[PDB]
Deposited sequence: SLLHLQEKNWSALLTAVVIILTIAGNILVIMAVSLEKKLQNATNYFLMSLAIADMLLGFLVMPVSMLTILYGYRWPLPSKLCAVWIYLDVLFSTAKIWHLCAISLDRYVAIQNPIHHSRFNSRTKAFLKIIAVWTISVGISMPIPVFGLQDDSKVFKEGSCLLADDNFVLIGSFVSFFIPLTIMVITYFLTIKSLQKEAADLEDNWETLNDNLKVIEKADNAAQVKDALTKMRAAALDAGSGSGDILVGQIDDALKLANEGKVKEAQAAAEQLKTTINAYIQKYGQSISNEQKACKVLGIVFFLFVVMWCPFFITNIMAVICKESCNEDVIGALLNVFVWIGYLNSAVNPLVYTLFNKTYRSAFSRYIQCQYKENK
């Protein structure tokens, strides 16, 4: 049933090549660059493996169906295995994004490891293997579940409805909530730090203008409390407090000037740590946004088709969905570009590997 009228097959092969190339560069950058050895970038590498296996195993079979007028050319029991691999890789992807969002949030609230990251990644893959499992279990026993007019697709309306809910809308919702609370957490952490900075800076000025021990002691006690809210400084403040208690006003004032170097060092370090987390959250927010928006047409159209079953042209719906599948496959090529545009470490690593300089 081969059709030679397929300029679409040129555009799909581009999407396969951008997907495989981009994701190998992500996989090599997390493998080789120490500056990317962290839990977030381990999940982004697992995401890249899911994208790479879509480009090798799922996307070329999808191109093969376009060439034969969406008439399944492979043996008939490979249809349910193809859909299984297709739904598993993308389900693993949305639970990866949702695992990154939740991990970052929990990491702020619990301020206190490769193995912990690999436990979570492996848990996300097992969760996606088990939830996607009804597709081959029922679809290999009943062709009517994975075939409509000799097209291979998920043909049971109930798998599409229940599947979209448990594998798209629920983890999207968890992703959206945990991302929003992460942005509020980080704004509050930046805000509490600035408040602590004002209290420390103002008290240092009081100690500087002090003529009496009581003023220095009151200011240093207030400084100690602020330091606890944000240690090495707390001990240094206690030494300055001891001088003030024994009436050594001048000596305590000098010790307070010594505190300034410790205060400035910590403030700048914790303050540039928080703006690193905020920038990281923004890039993840582009990844998150582009994964949902690119898959939204396919899911919403497919839910509209179930709702207006009798009333709507299923031939036009099936044509649009075929297009909409490829907007979703194009997302497999976007994550590496996003990292090039907004992460210098990824841009630098990609630049060397393309030049085949694999040495650190």
Next item on the list: Point out each run of deposited residues with no C-alpha coordinates, keeping the order of the sequence.
Entry: 1 to 3, 116 to 121, 240 to 244, 375 to 376
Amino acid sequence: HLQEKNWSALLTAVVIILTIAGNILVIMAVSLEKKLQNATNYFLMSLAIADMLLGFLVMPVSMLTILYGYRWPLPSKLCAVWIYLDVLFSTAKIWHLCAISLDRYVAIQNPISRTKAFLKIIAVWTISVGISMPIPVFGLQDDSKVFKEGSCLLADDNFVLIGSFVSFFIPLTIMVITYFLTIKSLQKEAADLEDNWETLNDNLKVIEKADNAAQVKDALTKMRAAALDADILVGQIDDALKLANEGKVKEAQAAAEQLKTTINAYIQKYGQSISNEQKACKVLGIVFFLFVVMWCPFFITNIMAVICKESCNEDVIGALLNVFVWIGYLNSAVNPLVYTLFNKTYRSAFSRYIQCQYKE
From here on, numbers count along this sequence of modelled residues.
Next item on the list: Taking only the other compared entries that model residues on either side of residue 112, decide whether it is unmodelled in at least a third of them.
Entry: yes
Checklist line | Which of 307 to 315 and 288 to 296 has higher mean CA B factor, as the PDB entry lists it | finding: 307 to 315
Next item on the list: Take the C-alpha B-factors listed in the entry for 156 to 164 and for 103 to 111, compute each mean, and give the stretch with the larger one.
Entry: 103 to 111
Notebook entry, point to check: In this PDB entry, which of 124, 241, 79, 117 has the top CA B-factor?
Noted result: 241
Notebook entry, point to check: Can you tell me which of 47, 26, 53, 67 has the highest Cα temperature factor in the record?
Noted result: 67
Check: How does residue 88 rank on Cα B-factor within its chain, lowest, middle or highest third?
Finding: lowest
Note to self: Using only modelled residues of the chain, where does the Cα B factor of residue 271 rank: lowest third, middle third or highest third?
What the structure shows: highest
Margin query: Taking only the Cα B-factors deposited for this chain, tell me whether residue 143 sits in the lowest, middle or highest third.
Written below: lowest
Notebook entry, point to check: Which third, lowest, middle or highest, does the CA B-factor of residue 62 fall in along this chain?
Noted result: middle
Next item on the list: Grab the CA temperature factor for residue 213 from the record and place it in the lowest, middle or highest third of its chain.
Entry: highest
